[PDB]
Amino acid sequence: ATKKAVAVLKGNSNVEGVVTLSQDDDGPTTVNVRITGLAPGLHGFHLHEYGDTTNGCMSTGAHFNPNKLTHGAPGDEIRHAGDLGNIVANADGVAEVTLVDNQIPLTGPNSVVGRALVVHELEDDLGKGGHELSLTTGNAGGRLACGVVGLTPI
């Protein structure tokens, strides 16, 4: 029983991309990321709470965090539901990677359909940077591009 979703990422920058998501029943969610125009290196990549882009990517609110935990790495016990970690942009400015995660389902109470994905200006310090913002945003800086998670045919 596969369900599928997609986010088209755009912003007030030259960064663009498409992210596809799929899930069987209540299993983990598979996320295929392809984003262009990125500065080579690490970029924070998160599922934010709201699929609201009225005033740009800041309208999407904070990292999706139904458990009221602090910011961490995807592999950590302590993390936000939306904490997908970093993606790596290559020398052509392309990040292309498939991630699998268990806190961003497409069905049920914590469904991320209608929320938003956001790619960030800076590396996500995973809560370990010892910076003022480490424990909330990973100090990932600005929101280069974002898109609402929408349903797509199976």
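Under this definition, the rigid core comprises the largest set of C-alpha atoms superposing within 1.5 Å between the forms. Heads up: residue numbers just count along the shown sequence, starting at 1.
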{"query": "Higher C-alpha RMS shift from the shown form in 5 other deposited structures of this protein - 42-50 or 58-66, rigid core fit", "finding": "58-66"}
{"query": "Stretch departing more from the displayed form, 102-110 or 33-41, Cα RMS in 5 other deposited structures of this protein (core fit)", "finding": "102-110"}
{"query": "Other entries omitting residue 143, at least a third", "finding": "no"}
{"query": "Entries skipping residue 76: at least a third of other ones", "finding": "yes"}
{"query": "Which of 102-110 and 50-58 has higher mean CA B factor, as the PDB entry lists it", "finding": "102-110"}
{"query": "Stretch with the higher entry mean CA B-factor, where the candidates are 25-33 and 112-120", "finding": "25-33"}
{"query": "Cα B factor band for residue 87 (lowest, middle or highest third within the chain)", "finding": "lowest"}
{"query": "Residue 138 by Cα B-factor - lowest, middle or highest third of the modelled chain", "finding": "lowest"}
{"query": "Entry-reported Cα temperature factor of residue 40, expressed as the chain third it lands in", "finding": "middle"}
{"query": "Position of residue 130 among the chain's modelled residues by C-alpha B-factor, lowest, middle or highest third", "finding": "highest"}
